[PDB]
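# Coordinates in review
One-letter residues, chain by chain:
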Amino acid sequence: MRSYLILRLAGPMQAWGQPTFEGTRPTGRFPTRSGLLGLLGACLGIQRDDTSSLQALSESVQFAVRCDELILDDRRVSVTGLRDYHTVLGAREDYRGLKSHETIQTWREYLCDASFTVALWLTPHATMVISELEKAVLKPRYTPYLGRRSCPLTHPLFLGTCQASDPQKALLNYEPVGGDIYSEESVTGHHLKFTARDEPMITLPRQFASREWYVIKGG
Amino acid sequence: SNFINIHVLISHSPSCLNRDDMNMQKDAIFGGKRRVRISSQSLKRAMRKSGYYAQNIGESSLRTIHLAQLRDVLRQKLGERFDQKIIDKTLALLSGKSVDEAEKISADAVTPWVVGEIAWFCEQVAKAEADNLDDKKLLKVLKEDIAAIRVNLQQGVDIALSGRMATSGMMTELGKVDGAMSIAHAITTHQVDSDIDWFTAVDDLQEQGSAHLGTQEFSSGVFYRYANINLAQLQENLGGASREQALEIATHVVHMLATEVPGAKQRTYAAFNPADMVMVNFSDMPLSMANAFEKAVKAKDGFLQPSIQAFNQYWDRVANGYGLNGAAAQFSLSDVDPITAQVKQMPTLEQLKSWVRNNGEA
Amino acid sequence: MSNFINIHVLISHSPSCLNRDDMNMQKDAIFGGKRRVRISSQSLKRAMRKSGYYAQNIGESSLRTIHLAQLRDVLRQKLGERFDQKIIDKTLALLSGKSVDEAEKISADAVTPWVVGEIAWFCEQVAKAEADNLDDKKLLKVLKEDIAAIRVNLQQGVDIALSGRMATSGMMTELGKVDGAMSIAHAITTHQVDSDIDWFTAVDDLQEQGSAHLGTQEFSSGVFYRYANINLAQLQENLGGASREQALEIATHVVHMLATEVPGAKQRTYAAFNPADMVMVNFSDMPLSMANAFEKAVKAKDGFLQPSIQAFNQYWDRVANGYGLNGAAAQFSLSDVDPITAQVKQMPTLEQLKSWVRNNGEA
Amino acid sequence: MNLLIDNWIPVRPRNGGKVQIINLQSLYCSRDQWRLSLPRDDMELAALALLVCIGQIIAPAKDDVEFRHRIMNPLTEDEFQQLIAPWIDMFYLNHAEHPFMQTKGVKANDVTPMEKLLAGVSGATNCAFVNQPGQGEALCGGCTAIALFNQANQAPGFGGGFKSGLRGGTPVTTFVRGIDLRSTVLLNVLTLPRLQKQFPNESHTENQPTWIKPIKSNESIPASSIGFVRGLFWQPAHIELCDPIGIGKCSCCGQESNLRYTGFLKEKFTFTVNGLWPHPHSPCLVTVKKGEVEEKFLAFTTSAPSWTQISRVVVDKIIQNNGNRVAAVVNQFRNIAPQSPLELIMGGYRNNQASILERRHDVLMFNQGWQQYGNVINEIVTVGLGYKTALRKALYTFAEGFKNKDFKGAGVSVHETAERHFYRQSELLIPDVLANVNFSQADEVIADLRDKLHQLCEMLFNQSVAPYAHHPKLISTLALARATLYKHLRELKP
Ligand SMILES: [Zn+2]
């Protein structure tokens, strides 16, 4: 009977990373592990320099994400994408000097209208307790966003706490049911995988490694 | 509480305060309805490059970081990684005054990106003492870097509040300065009917005449700006730092949000409008009130009044349900008011800024 | 508060068509969820440039064109008694980037505002190439140092100093870039408008009176709100470091024009030559438009004019008190009213208002 | 270190794993299933391409049965050692006379960092602003071999007096995927008779690599004169790897290495190849004009979804007089295993002058029957593209207007921002069904697909037109625009 912490991600715009070394910076349909780890990391106040706390946090916790479709005036509002033309004036020509370009351009995809319910639990090799995480997401130290600083929250992170055996069974207790679920724990009668390069290589900044979600489909 | 929330409702006359790569108004779908958008980068630049910013933040008393003050602390935070002689060498190369000569004013805490950069310098002068290139020889190759940090050590509040300047001589991971204020994308509270200006260009030497044709999209609308301030991070990046000073900066942020407007096509459309409403509230967690306009506001007598009404009515039922607590104050130009008290009503903006400056106490 | 000068104008127009669409329809814009009749800011600007008042008090307006083949002839006519034709050709060729062939028709990249004064100045400066030969890029680098010297010649422009210009080709792309200095808005009606349609015919003297299909012309009356804003420092810079008083004089000319000038579209047939019923001017550290005074479309009590004035004054009071602005603020109105509050000084005549502006709001 | 005898291959076990470094022997002769492990997908693809090339160079299968046997059952160490022995001296990174894909005797005034070989990291101006620094600081021998091969094949650099080849700039690679790395490499190897068929040895053909026997400057090389060995390991870069340094972390691999590289030397080398050299790893397009025939390899040109390319990737068209030709590997696989579902991995770049605009690495699933019923696949693709063009045409007409009866146009570009919406919503519908259909009996799935796309076009049209549909001037136009929309949409039904 695991303990689950249930959070909600509900901004008007959202952004979750995908493999990119270019100006065009795409997103997925749901949050990434690197994203959620950066989120909790922000809440806990983990700086970018200390590999220790990052590693501990990453090994310690595991996630499950449910995609909440929006309903207003008994009408369904499906998720949609944005392509923001985002320029920079006086950007870096080189990493060392003070020389700059007049204008550089980047394209950044956003996600509206998206809402998610996320249940996280402790690994057996945990280095912390769920209480610390709760206290952290209730009173953050660094500004939490999803997943760009431009994107704020419209609903508090903390949604609840529960006891359950499966992450699915844990998610069922909370209102928007029927959404697809991507978890790091498998459930019986469910087969499909979903590949993504979202596990942060913590020893080596700032690159990512391949991983797979377990897919659960409801109705 | 740690976080400060700033919510602004501001109406704009027919204009085009933000374009895409095809000279069209930036938009965003909210609640299934198209909303005109003003990108957060446009707002944040409009603030950071403004004259008010340059006056109250560009010339703040806490903008200068004196390294001679940070003598002791830098020795005990980097004593694990470097030797004392290396540190003293670096400070002597950066200041550049060797003597110690205790200022009789030795700081208690240090800004993170500072130790981050000077640590890098320590590494460089270490491997430079190992090679070994003499002080002059290495100071020649580190000219741009030294100047680069020297200009940054005179812009403390700017970096602390807005972040680094997109071309600062920063290298280390600690050199990536974020915050301390977060600016959100400004979207319209309603569905917008975009207009298309159809212009010509008259040739004074052939007025017969073949007209130079052109189009330009423009639209009026009530925008909802949101921003937040992390006081702890602001105190840490000015470390420092007393909370009262951070509040004094927060007031400047409030004012800038209530006044500043992007300069896109303001020479031809002139949307120099002031905010018709602005509310400030302290919280343990930042929260935007965007879902107040998730259902697109429809015009009764304009878009402004039902937007104010929608905002207040949302805050009433939603505020206590979420972790908003207290305290809150609102400055507007028109009734009604939120039925809930614990939201002090301010007649003027200056009274609101004064309210923020006193940590929200009445 | 004394860098920006803000000009607000409430002016009512009798049935007319002061600005048209591509379908010859009245230009409009949606404000506060209501349709407003619109007048283009470009239309107002050109109406000012080509006005008689501008010619009398400010000077000659700029000549905007792409036809360099005609412009070379004009410049040869007006500057031929001062310079040689080859020098003029090299000058215009350097500025535009195109070549003067003595051909029939060679065009530029886009419509460009040319002032003959600065062109004559460039002829004088390119006459230094008749001296010890500097490379054209060298001469360019020399001219790059002192831009103010070029902007002094813009006092024969001013409309360029007010509205700015942009070059894409030639030497003007590096020497002729003017940014400021006047920000003007599109004139929109303070109220909702349902435009009327004139259904006209054309009597054929050799066939009529007989049957005929009819033509349409969309027209409407309405109370328009014009807004302008002048950055004094930017104007002084654009005129080559001119005195502040001069910039204020030009500013007063702008006030008068914004209060009196009406675009000449359809005026032969509709003749809406109406003066402004209200003109308020206020100095501020930051530009300020009172358009949101009509965000809620004013509804007619005794016409649209009086409630427009009233709404304007109310919103001005609210904003002024709310943001603690302290002018330097003066209002001129034709109608008897109950306006307020001190010290937005009431001026009985327009000239007293302009005089109040010339003396930096202290008068 | 040598590529065949030494450990350079980075892998991790299928189910769960800590990354390990392997030699080609241990990969070839072992039962346990390995999967590639790198922080970059394009480098994994490049790696697997190298492995496929070497595997095809050493062990072409006698027949299809030997093929299948090799896939399901590995080799013995002695058979392996027997097969690689004639090639061991060709794959030395640092050599005296003939190094791997390098060129002894390069003259350069300065040293180029390793970032130039890493695709994307230092290609454009925004890169310095948006990317993490020091990724090219130090690189392992393995990931430098991989970097080199990738630069030779799929990268577009360096522009200027540098040439790419043999396929061209930004070719797309299409590889059949298996449960395991070994099985994957073997699945993409060409059997001996088909190898001989695609590459007629005739010839005057030199069959020695660029480093064994160098290219002559300004040479006019006929395509058919290139050996299948010389072609696969063709590098026109003309570069040398600077001398290595000691032991440390690798910037891109994240692993520790005994030797690391901190730079390379480059120099301009220009030549021309006359004709098309038949690369087994990529599909090519045949175009007729009109008159003369032009064959050129598939490359990403637009930001369009990968499914739009599907028909070109798994469907041969020989209806010249404008056919298209699938890669030789896929063409082989459909013959060898007709009863099996396909898992195709395809990758490539989008290019503007040695700078990368976009990178794509997709994995496409086809259900059993993709070998037969190709016209179904082609039909789905053409349906999707058809609805796309319907919407785009409609909105463009709404934009520009209709001149003849004086219908005024809006003057705004809405087609481009709506096409992105259409594409985003289409990525959910077309690949998903295309993965799971019974091609023999599934035209009704294509029918519901038509319905969904139709509704999508309606919705997106009305949505895109909505903010401008309040002025009669534009309403009169959108009447006709909508009319043409429903004309096209009507023409899409069977
Ligand atoms: Zn490596």
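Along each chain, numbering proceeds from 1 in written sequence order. Entry numbering may differ, and residues lacking coordinates are not shown. Whichever chain is written first becomes A and whichever ligand is written first becomes 1, with later ones labelled in order. Chains on display form part of a larger assembly; values are given for the displayed part and nothing beyond it. Each side-chain value is derived from all of the structure's non-hydrogen atoms; neither hydrogens nor water enter the calculation. Residues with missing side-chain atoms are left out of burial classes, side-chain pairs and their counts.

As recorded in the entry header, the structure was determined using X-ray crystallography to a resolution of 3.200 Å.

The name recorded for chain C in the PDB entry is CRISPR system Cascade subunit CasC, from Escherichia coli. The deposited PDB record carries the title "The Type IE CRISPR Cascade complex from E. coli, with two assemblies in the asymmetric unit arranged back-to-back".

As annotated in the PDB entry, chain B carries the name CRISPR system Cascade subunit CasC and is attributed to Escherichia coli.

A count of helical and extended segments in chain B gives 12 helices and 10 strands. For the C-alpha atoms alone, the extent of chain B along its principal axes is close to 75 × 65 × 35 Å. When checking whether two residues touch, look at their non-hydrogen atoms; a contact exists if any pair is within 4.5 Å. Contacts spanning at least 24 positions in sequence make up 76% of the contacts within chain B whose residues lie at least 6 apart. Numbering of helices and strands starts at the N terminus; helices are DSSP runs of H or I of at least 4 residues and strands are runs of E of at least 2.

On the chain B side, the residues contacting the 44 residues of chain A number 55 residues. When chain A packs against chain B, close to 4,100 Å² is buried across both sides, 56% of that on carbon and sulfur atoms. A pairing counts as a salt bridge when a side-chain nitrogen of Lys or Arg comes within 4 Å of a carboxyl oxygen of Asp or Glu. The tally of links from chain A across to chain B stands at six salt bridges. For the purposes of these results, a polar contact is taken to be a pair of N or O atoms within 3.5 Å, where, inside protein, one atom must be able to donate a hydrogen and its partner to accept one; residues adjacent in sequence count only when each atom of the pair is a side-chain atom. Put simply, chain A and chain B have 14 residue pairs in polar contact between them. Only β4 (70–72), β6 (80–89), β7 (103–112) and α3 (130–138) of chain A provide two or more residues apiece to the side of chain A that touches chain B. No other element matches β6(A), which puts six residues into the side of chain A that touches chain B. When its residues are assigned to classes, the side of chain A that touches chain B shows 23 nonpolar, 10 polar and 11 charged. When two parts are brought into contact, each loses some accessible area as probed by a 1.4 Å sphere; the total of that loss over both is the buried area. Residues are sorted three ways: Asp, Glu, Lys and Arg are charged, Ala, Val, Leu, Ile, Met, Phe, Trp, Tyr, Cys and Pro are nonpolar, and all the rest, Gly among them, are polar.

Residues and elements named next belong to chain D. As a rule, N, O and S atoms within 2.8 Å of a metal are its donors, except that Na, K and Ca use 3.2 Å; water is not among the atoms, so sites may look incomplete. Bound to the zinc ion on the protein side are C140 (SG), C143 (SG), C250 (SG) and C253 (SG), at distances that span 2.2 to 2.5 Å. Under the classification used here, a metal with four donors is tetrahedral if each angle lies between 85 and 135 degrees, square planar if opposite donors are over 155 degrees apart and the others between 65 and 115, a six-donor metal meeting that same test is octahedral, and anything else is irregular. Because the angles between the four donor atoms bound to the zinc ion fall within 51 to 127°, the donor set is best described as irregular. Binding-site remark: the zinc ion is held by donors from one chain whose sequence spacing is C-x2-C-x106-C-x2-C. Of this pair, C143 sits in helix α6 (residues 141–153) while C250 sits in the loop between β8 (248–249) and β9 (256–257); the two residues are 107 residues apart in sequence, bridging distant segments of the chain. In terms of burial, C143 and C250 fall into one category: buried. Between buried and exposed lies partly exposed: a residue is buried under 20% and exposed over 50% of the maximum accessible area for its type, with that area taken using a 1.4 Å probe on protein chains only.

Turning to the packing of aromatic side chains, a few remarks are in order. Where two aromatic rings form a pair, the distance of their centres and the angle of their planes describe that pair. When two rings of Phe, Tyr or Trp (its six-membered ring) have centres within 6.5 Å they constitute a pair, described as stacked for plane angles under 30 degrees, edge-to-face for angles over 60, and tilted for the intermediate range. In this structure the tally under the stated criterion is 35 aromatic pairs over all chains. Ring pairing ties together the aromatic residues D:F91, D:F100, D:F149, D:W211 and D:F233, which thus form one cluster. Two thresholds decide whether a charge sits over a ring: the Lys NZ or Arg CZ must be within 6 Å of the ring centre and within 35 degrees of the ring normal. Lying across the ring of A:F21, D:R40 places its NZ or CZ 4.6 Å from the centre.

Attention now goes to unusual backbone geometry. Cis rather than trans, the peptide bond between B:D100 and B:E101 has omega equal to 10°. Structurally, the position occupied by B:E101 is in the loop between α4 (84–95) and α5 (112–131). For the bond running from D:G165 to D:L166, omega is -10°, close enough to zero to count as cis. Tracing the chain through its elements places D:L166 in the loop between α6 and β5 (173–176). Although it is not a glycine, B:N359 adopts a positive phi angle of roughly 60°.

All names here are of chain D. Among the 10 residues of strand β16 (residues 342–351), eight are classified as buried, and the element is accordingly described as predominantly covered. Between any two strands, pairing holds if DSSP finds at least two bridges. Judged from the four bridges that link them, β5 and β16 form a sheet pairing that is antiparallel. Counted as the bridge partner of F175 is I345 from β16. In sequence, β16 turns back onto strand β17 (residues 356–366) through a hairpin of four residues, with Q353 there showing a positive phi of about 55°.

Residue and element names in this part refer to chain D. Among the secondary structure elements, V19 is positioned in the loop between β1 (9–13) and β2 (20–22). On the accessibility criterion, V19 (30% relative accessible area) is partly exposed. The contact partners of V19, leaving out residues within four places of it in the chain, are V11, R12, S37 and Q255.

Attention shifts here to the side chain of D:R182. Residue and element names in this part refer to chain D. By secondary structure assignment, the location of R182 is in helix α7 (residues 181–187). Using a relative accessible area of 7% as the deciding quantity, one classes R182 as buried. Reaching out from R182, the side chain makes a polar contact with the backbone oxygen of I71 at a distance of 2.9 Å. Dropping the residues within four chain positions of it, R182 is found in contact with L27, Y28, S30, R70, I71, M72, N73 and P74.

Moving on, we get to the layout of surface pockets. Using a probe with the size of a water molecule, rolled over the atoms, empty space left in the structure can be pinpointed. Residues and elements named next belong to chain C. Grid points spaced at 1 Å over the protein atoms alone were grouped into cavities, where a 1.4 Å probe fits but cannot get out, and pockets, open sets with protein on both sides within 12 Å along at least five of seven lines, with lining residues defined by an atom within 4 Å of a point. Grid points are joined across faces, edges and corners, and a volume is the space filled by probe spheres set on the points. Considered as a void within the structure, the second largest pocket measures approximately 540 Å³ in volume. Taken together, 22 residues make up the lining of the second largest pocket; nearest its centre are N292, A293, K296, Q314 and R318. Among the elements that make up the lining of the second largest pocket, the one with the highest residue count is helix α12 (residues 305–323) (six residues).

This next bit is on the pattern of salt bridges. Taken as a whole and judged by the stated rule, the model has 56 salt bridges over all chains. The closest approach of N and O atoms between B:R81 and B:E123, which form a salt bridge, is 3.3 Å. You can see B:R81 sitting in the loop between α3 (71–77) and α4 and its partner B:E123 sitting in helix α5, a full 42 residues away along the chain. In this structure B:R81 comes out as exposed when scored by relative accessible area, which is 54%. In this structure, C:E118 and C:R165 form a salt bridge, with 2.6 Å as the shortest nitrogen-oxygen distance. Residue C:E118 is found in helix α5 (residues 116–126), and its partner C:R165 is found in the loop between α8 (159–163) and α9 (172–175); the two are separated by 47 residues along the sequence. Assigned by exposure class, C:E118 and C:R165 land together as buried. Each of A:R33, A:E184, A:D198, A:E199 and A:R211 takes part in salt bridges that share partners, so that together they form one network.

Taken together, the 43 residues of chain B in the interface contact 51 residues of chain C. Both faces combined, the contact of chain B with chain C buries some 3,700 Å², and carbon together with sulfur accounts for 56% of it. Looking only at chain B, the three residues that lose the most surface to chain C are B:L205, B:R267 and B:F272, adding up to 19% of its buried area. Summed over the shared surface of chain B and chain C, the number is five salt bridges. Two residues, B:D204 and C:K50, come together in a salt bridge whose shortest N-O distance is 4.0 Å. Counting every contact that joins chain B to chain C gives 22 residue pairs in polar contact.

Residues belong to a common nonpolar core when they are buried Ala, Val, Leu, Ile, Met, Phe, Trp, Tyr or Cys residues joined through side-chain atoms within 4.5 Å. One finds D:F100, D:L181 and D:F233 to be the most contacted residues of the largest nonpolar core, which totals 148 residues. Looking at which element gives the most residues to this core, the answer is helix α2 (residues 41–58) of chain D, with 13 residues. Domain delimitation in this document rests on an assignment produced automatically or drawn from a domain database. Looking at which domains feed residues into this core, each of domain 1 (1–373) and domain 2 (374–494) of chain D gives three or more. Once residues lying within four places of it in the same chain are set aside, the contact partners of D:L181 are D:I9, D:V11, D:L27, D:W34, D:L36, D:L48 and D:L51. Formed by 78 residues, the second largest nonpolar core is a distinct cluster that contains B:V8, B:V261, B:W355 and C:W316.

Here C:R64 is to be found in strand β4 (residues 63–67). Given the relative accessible area of 15%, C:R64 is considered buried. Among all residues touching C:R64, those that are not within four sequence positions of it are B:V202, B:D203, B:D204, C:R49, C:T112, C:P113 and C:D159.

Residues and elements named next belong to chain C. Structurally, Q26 can be placed in the loop between β1 (4–16) and β2 (28–31). Considered as a pair, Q26 and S16 are 10 residues apart in the sequence and their alpha carbons are 9.3 Å apart. Not counting chain neighbours up to four residues away, the residues in contact with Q26 comprise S16, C17, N19, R35, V37, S195, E218, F219 and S220. Within the structure, the side chain of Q26 is placed 2.9 Å from the side chain of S195, a separation counted as a polar contact.

Take the sheet that holds strand β9 (residues 158–164) of chain A next. Residue and element names in this part refer to chain A. As summarised here, the arrangement of the seven strands in space is β9-β1-β8-β3-β10-β12-β11, forming an open sheet in which the pairing is antiparallel. The outermost strands of the open sheet, each flanked by one partner alone, are β9 and β11 (193–200). Strand after strand, the sheet turns through a mean of 30° between neighbouring axes, direction not considered. As a rule, the C-alpha atoms of each element are fitted with a line to give its axis, helices using only the stretch in contact, and angles between N-to-C directions run from 0 to 180 degrees.

Two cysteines joined by a covalent bond between their sulfur atoms form a disulfide. Put simply, a disulfide is two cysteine sulfurs that come within 2.5 Å. Within this structure, the stated rule accounts for one disulfide over all chains. A disulfide bridge connects D:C140 with D:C143, and the sulfur atoms are separated by 2.0 Å. No difference in accessibility class separates D:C140 from D:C143, as the two residues are buried. The thiol of A:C162 is unpaired, and the distance to the nearest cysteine sulfur, on A:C67, comes to 18 Å. A residue is classified by how much of its surface remains accessible, and A:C162, at 12% relative accessible area, is buried. As a non-bridged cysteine, D:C284 has D:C53 as the owner of its nearest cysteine sulfur, 17 Å distant.

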